Amino acid sequence: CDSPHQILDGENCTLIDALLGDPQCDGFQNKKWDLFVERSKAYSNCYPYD
Amino acid sequence: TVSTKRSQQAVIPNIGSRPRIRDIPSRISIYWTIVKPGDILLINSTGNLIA
Ligand SMILES: *[C@@H]1O[C@H](CO)[C@@H](O[C@@H]2O[C@H](CO)[C@@H](O[C@@H]3O[C@H](CO)[C@@H](O)[C@H](O)[C@@H]3O)[C@H](O)[C@H]2NC(C)=O)[C@H](O)[C@H]1NC(C)=O
Ligand SMILES: *[C@@H]1O[C@H](CO)[C@@H](O[C@@H]2O[C@H](CO)[C@@H](O[C@@H]3O[C@H](CO)[C@@H](O)[C@H](O)[C@@H]3O)[C@H](O)[C@H]2NC(C)=O)[C@H](O)[C@H]1NC(C)=O
């Protein structure tokens with residue numbers, strides 16, 4: 001349930017890929033949130049990194 | 001260089017004297033790497049590797 005806490009769905013992005021800005025994760029740019037929800041479907045599409 | 005598709009480990013050998021144990025003043029540092037299924041371990045070395 002979304003209403004009480006600001007939910008931000010990660011979809012195909014991890015929190016890190018959004019922070020670094022994997023081009024597919026450009027929608028999450030500058031977005032604040034109360035709860036991020038990393039998905040299991042989420043992949044990383046850009047440069048290999050650890 | 002011991003590397004996996006998920007992570008990478010790299011170590012440089014540090015030369016120098018160590019107090020001799022069993023008449024052997026050299027030493028060995030041991031590391032470990034776990035490879036999940038569907039991933040591939042690869043080793044790159046130019047020296048001092050005890051694979
Ligand atoms: C999040 O990631 C998933 C999986 O990478 C995305 O689902 C995939 O979306 C693409 C298009 O965005 C689909 O490609 C197209 O599929 C249709 C229907 O099969 C086909 O007619 C086209 O030729 C093309 O292949 C892809 O099929 C779909 N994957 C699955 C398993 O359905 C999703 O779109 C991503 N969402 C976001 C916001 O990034
Ligand atoms: C730097 O300092 C270390 C510490 O002293 C040196 O290691 C020591 O080297 C001497 C060489 O004479 C070793 O003595 C040996 O003792 C055995 C004991 O059985 C004997 O059989 C040999 O004939 C010899 O006398 C000593 O064991 C060794 N280790 C220690 C803890 O003293 C080292 O040689 C110095 N130099 C360099 C370049 O590292």
# chains A, B, ... in the order shown; residues from 1 in each chain; ligands from 1

call {"tool": "residues_near_ligand", "arguments": {"ligand": "ligand 1", "cutoff": "9 Å", "atoms": "only C-alpha atoms and all ligand atoms", "output": "list in words"}}
result
residues 11, 12, 13, 24, 25, 27, 41, 42 and 43 of chain A

call {"tool": "closest_atom_pairs", "arguments": {"of": "chain A", "to": "chain B", "cutoff": "9 Å", "atoms": "only C-alpha atoms", "output": "JSON lines"}}
result
{"residue": "A:48", "atom": "CA", "partner": "B:5", "partner_atom": "CA", "distance": 8.7}
{"residue": "A:49", "atom": "CA", "partner": "B:7", "partner_atom": "CA", "distance": 8.2}
{"residue": "A:50", "atom": "CA", "partner": "B:7", "partner_atom": "CA", "distance": 5.9}

call {"tool": "residues_around", "arguments": {"residues": "region 23-37 of chain B", "least_positions_apart": "4", "cutoff": "9 Å", "atoms": "only C-alpha atoms", "output": "ChimeraX atom specification"}}
result
/B:2-6,8-9,13,15-19,41,50

call {"tool": "atom_distance", "arguments": {"atom1": "CA of residue 51 (chain B)", "atom2": "CA of residue 12 (chain B)"}}
result
14.7 Å

call {"tool": "select_by_dssp", "arguments": {"residues": "chain A", "states": "strand (DSSP E or B)", "output": "list in words"}}
result
residues 7, 8, 9, 35, 36 and 37 of chain A

call {"tool": "residues_around", "arguments": {"residues": "residue 1 (chain B)", "least_positions_apart": "4", "cutoff": "7 Å", "atoms": "only C-alpha atoms", "output": "list in words"}}
result
residues 9, 10, 11, 43, 44 and 45 of chain B

call {"tool": "select_by_dssp", "arguments": {"residues": "chain A", "states": "helix (DSSP H, G or I)", "output": "MDAnalysis selection string"}}
result
chainID A and resid 15:20 23:28

call {"tool": "write_last_selection", "arguments": {"atoms": "N, CA and C atoms", "output": "short mmCIF file (atom, residue, chain, number, x, y, z; two decimals), in the first residue's frame"}}
result
data_model
loop_
_atom_site.label_atom_id
_atom_site.label_comp_id
_atom_site.auth_asym_id
_atom_site.auth_seq_id
_atom_site.Cartn_x
_atom_site.Cartn_y
_atom_site.Cartn_z
N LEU A 15 19.23 0.35 -6.60
CA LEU A 15 19.44 1.69 -6.06
C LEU A 15 20.76 2.27 -6.53
N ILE A 16 21.78 1.42 -6.69
CA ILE A 16 23.10 1.89 -7.11
C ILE A 16 23.06 2.33 -8.57
N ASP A 17 22.48 1.51 -9.44
CA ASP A 17 22.37 1.87 -10.85
C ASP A 17 21.62 3.18 -11.03
N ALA A 18 20.62 3.45 -10.19
CA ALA A 18 19.95 4.74 -10.23
C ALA A 18 20.86 5.86 -9.74
N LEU A 19 21.60 5.60 -8.65
CA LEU A 19 22.55 6.59 -8.14
C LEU A 19 23.60 6.92 -9.18
N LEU A 20 24.20 5.90 -9.80
CA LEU A 20 25.20 6.13 -10.83
C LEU A 20 24.57 6.61 -12.13
N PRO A 23 21.65 4.48 -18.00
CA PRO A 23 20.72 5.24 -18.85
C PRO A 23 19.27 4.77 -18.80
N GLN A 24 19.03 3.47 -18.63
CA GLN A 24 17.66 3.00 -18.48
C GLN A 24 17.02 3.48 -17.18
N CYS A 25 17.83 3.91 -16.21
CA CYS A 25 17.36 4.39 -14.92
C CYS A 25 17.29 5.91 -14.84
N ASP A 26 17.27 6.59 -15.98
CA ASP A 26 17.24 8.05 -15.97
C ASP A 26 15.96 8.60 -15.36
N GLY A 27 14.87 7.83 -15.37
CA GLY A 27 13.62 8.31 -14.80
C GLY A 27 13.71 8.58 -13.31
N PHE A 28 14.53 7.83 -12.59
CA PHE A 28 14.68 8.01 -11.15
C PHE A 28 15.58 9.18 -10.78
#

call {"tool": "atom_distance", "arguments": {"atom1": "CA of residue 2 (chain A)", "atom2": "CA of residue 32 (chain A)"}}
result
14.6 Å
